[PDB]
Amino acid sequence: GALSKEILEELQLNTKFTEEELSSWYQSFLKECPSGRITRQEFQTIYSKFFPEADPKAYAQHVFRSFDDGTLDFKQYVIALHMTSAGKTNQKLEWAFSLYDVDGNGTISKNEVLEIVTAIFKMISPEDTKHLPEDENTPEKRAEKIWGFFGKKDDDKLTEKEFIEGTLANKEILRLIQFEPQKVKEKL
């Protein structure tokens, strides 16, 4: 049951579990996935199961990739769940950058923002989308607003430094880049 203190370090005060509790979870985990590794397909299924009202395939895929297809270990699988469903968005900005930097080349492009914003948009039920502000109710509008808030040109590249600054300072950027299905819904 090693990676548990590793899980808590990389999670810190963000963890919603203790080492003894993570081990129990870990124990159940191994019963279901003996190898302790979970594939992208299996990960996607978790979200498809628990987000019946939406279409979480792309979202789950992007989340899985943020940890580098292939497989995730228990530590990543636990952290991945925390990133999407627990804690404060503010303690996840470094990870959020990893999420938005789709190809992982170190910077975020305009298209990459559209990719993630679209994936996140599909996590919203059709029902709740009518509550979205007019200038923020379609993937294109939201991604473009985000790009505008960072004052970028179509071919500009957004750095981690700037990403973190703006998501911290400009609360409208935070609202727009928001990736937690429940938080997006609640703010609406």
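So that there is no doubt, residue numbering starts at 1 and follows the sequence shown.
J.: Quick one: classify how much of the deposited chain lacks coordinates between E140 and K141, choosing none, 1 to 3, 4 to 9, or 10 or more.
T.: Per the deposited record, the segment joining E140 and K141 has no missing residues.
J.: Higher mean Cα B-factor in the deposited model: 86 to 94 or 113 to 121?
T.: Mean B over CA atoms: larger for 86 to 94.
J.: I need to verify one thing: averaged over C-alpha atoms only, is the B-factor higher for 17 to 25 or for 162 to 170?
T.: Comparing averages over the C-alpha atoms only gives 17 to 25.
J.: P126's Cα B-factor: lowest, middle or highest third of the chain?
T.: It belongs to the highest third of the chain when residues are ordered by C-alpha B-factor.
J.: Using the temperature factors of the C-alpha atoms in this entry, rank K57 within its chain: lowest, middle or highest third.
T.: It belongs to the middle third of the chain when residues are ordered by C-alpha B-factor.
J.: Looking at the temperature factor on the CA atom of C33, which third of the chain's modelled residues does it land in?
T.: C33: CA B-factor falls in the highest third of its chain.
J.: Would you please rank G151 by its C-alpha temperature factor against the other modelled residues of its chain and give the third it falls in: lowest, middle or highest?
T.: Middle third of the chain for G151's C-alpha B-factor.
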